[PDB]
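Top line first, the protein sequences correspond to chains C and J. Note that the first sequence covers residues 669 to 680, 720 to 752 in the authors' numbering. Going by the authors' numbering, the second sequence opens with residue 546, and the numbers climb by one from there. Heads up, the beta-carbon is just placed ideally off N, CA and C, and yes, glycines get one too.
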Amino acid sequence: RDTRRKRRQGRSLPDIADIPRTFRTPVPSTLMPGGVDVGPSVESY
Amino acid sequence: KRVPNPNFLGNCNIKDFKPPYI
């Protein structure tokens, strides 16, 4: 509905105000910080 | 009862083969 009014006064573009954040779904990785510890273990059992 | 995987420190499957003079 913003674009519904770009055409009316335009008859007569990226939003730089909305700066997104970087949340990331964690990779299933054991060692690396930022990832869940599912899967094969550190000990070999 | 634990069972060690082949990726355990000292539980490899590649056994050390000995030379004939030894």
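Residue range of the alpha helix (DSSP H) that includes residue i
i: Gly746 of chain C; result: No alpha helix (DSSP H) holds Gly746 of chain C; DSSP gives it neither H nor E.
i: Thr671 of chain C; result: 671–674
Option in the options with minimal Cα separation from residue i
i: residue 709 of chain C; options: C:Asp670, C:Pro735, C:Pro727; result: A gap in chain C, from 680 straight to 720, means residue 709 of chain C has no coordinates in the model shown.
i: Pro733 of chain C; options: C:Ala724, C:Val745, C:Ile723; result: C:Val745
Residue j beta carbon less than 8 Å from that of residue i
i: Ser751 of chain C; j: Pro549 of chain J; result: yes
i: residue 689 of chain C; j: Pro735 of chain C; result: No atoms are given for residue 689 of chain C, which sits in the stretch of chain C between 680 and 720 that the model skips.
i: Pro565 of chain J; j: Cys557 of chain J; result: no
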